[PDB]
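What follows is the content of my_file_28.pdb, which has PDB, C-alpha atoms:
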ATOM      1  CA  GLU Q   1     -23.733  -9.718 -22.234
ATOM      2  CA  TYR Q   2     -22.397  -6.175 -21.913
ATOM      3  CA  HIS Q   3     -18.916  -4.888 -21.109
ATOM      4  CA  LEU Q   4     -20.512  -2.491 -18.626
ATOM      5  CA  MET Q   5     -22.009  -5.400 -16.706
ATOM      6  CA  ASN Q   6     -18.650  -7.062 -16.070
ATOM      7  CA  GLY Q   7     -16.436  -6.383 -19.060
ATOM      8  CA  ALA Q   8     -15.933  -8.735 -21.996
ATOM      9  CA  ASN Q   9     -12.451 -10.226 -22.353
ATOM     10  CA  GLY Q  10     -11.473  -8.881 -18.950
ATOM     11  CA  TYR Q  11      -9.880 -11.759 -17.055
ATOM     12  CA  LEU Q  12      -8.675 -13.363 -20.291
ATOM     13  CA  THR Q  13      -6.791 -10.207 -21.279
ATOM     14  CA  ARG Q  14      -5.122 -10.031 -17.865
ATOM     15  CA  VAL Q  15      -3.860 -13.570 -18.444
ATOM     16  CA  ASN Q  16      -0.842 -12.107 -20.231
ATOM     17  CA  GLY Q  17      -0.161  -9.999 -17.149
ATOM     18  CA  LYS Q  18       0.903 -13.036 -15.145
ATOM     19  CA  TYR Q  19       3.353 -14.060 -17.868
ATOM     20  CA  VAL Q  20       4.877 -10.580 -17.933
ATOM     21  CA  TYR Q  21       5.443 -10.608 -14.179
ATOM     22  CA  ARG Q  22       7.209 -13.968 -14.334
ATOM     23  CA  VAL Q  23       9.363 -12.787 -17.237
ATOM     24  CA  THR Q  24      10.409  -9.640 -15.373
ATOM     25  CA  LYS Q  25      11.280 -11.638 -12.262
ATOM     26  CA  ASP Q  26      13.534 -13.921 -14.306
ATOM     27  CA  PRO Q  27      17.165 -12.799 -14.943
ATOM     28  CA  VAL Q  28      16.493 -12.916 -18.688
ATOM     29  CA  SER Q  29      14.633  -9.606 -18.560
ATOM     30  CA  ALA Q  30      17.484  -8.039 -16.594
ATOM     31  CA  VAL Q  31      19.901  -9.065 -19.315
ATOM     32  CA  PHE Q  32      17.789  -7.352 -21.939
ATOM     33  CA  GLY Q  33      17.688  -4.286 -19.723
ATOM     34  CA  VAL Q  34      21.426  -4.199 -19.062
ATOM     35  CA  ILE Q  35      22.337  -4.909 -22.672
ATOM     36  CA  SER Q  36      19.753  -2.477 -24.067
ATOM     37  CA  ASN Q  37      20.659   0.225 -21.537
ATOM     38  CA  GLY Q  38      24.312   0.004 -22.528
ATOM     39  CA  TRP Q  39      25.424   0.818 -18.985
ATOM     40  CA  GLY Q  40      27.057  -1.809 -16.792
ATOM     41  CA  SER Q  41      27.585  -1.635 -13.038
ATOM     42  CA  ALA Q  42      31.034  -3.194 -13.390
ATOM     43  CA  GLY Q  43      30.934  -3.566  -9.615
ATOM     44  CA  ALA Q  44      27.897  -4.883  -7.769
ATOM     45  CA  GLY Q  45      25.412  -5.298 -10.602
ATOM     46  CA  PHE Q  46      27.971  -7.047 -12.788
ATOM     47  CA  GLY Q  47      28.117 -10.782 -12.156
ATOM     48  CA  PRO Q  48      26.159 -12.765  -9.520
ATOM     49  CA  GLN Q  49      24.107 -10.719  -7.056
ATOM     50  CA  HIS Q  50      25.527 -12.690  -4.127
TER      51      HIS Q  50
END

Would you give me this structure, written as structure tokens?
Amino acid sequence: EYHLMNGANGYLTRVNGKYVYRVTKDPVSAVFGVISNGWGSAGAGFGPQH
């Protein structure tokens, strides 16, 4: 086939996209962001969202 026709490794490549979305949604990603950023809310962001 040809990539122009439909695109080789198109849907397969996007498979990782779903995993990324789930990871971002999870609080784990937020932790990496807060820790990496080095800036804490110390008010609302800090602790449970509630």

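Between atom CA of residue Q:30 and atom CA of residue Q:49 the interatomic distance comes to 11.9 Å.
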
Quick one, how far is atom CA of residue Q:42 from atom CA of residue Q:20?
27.6 Å

Give me, please, the distance in Å between atom CA of residue Q:16 and atom CA of residue Q:32, quoted to one decimal.
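According to the coordinates, atom CA of residue Q:16 and atom CA of residue Q:32 are separated by 19.3 Å.
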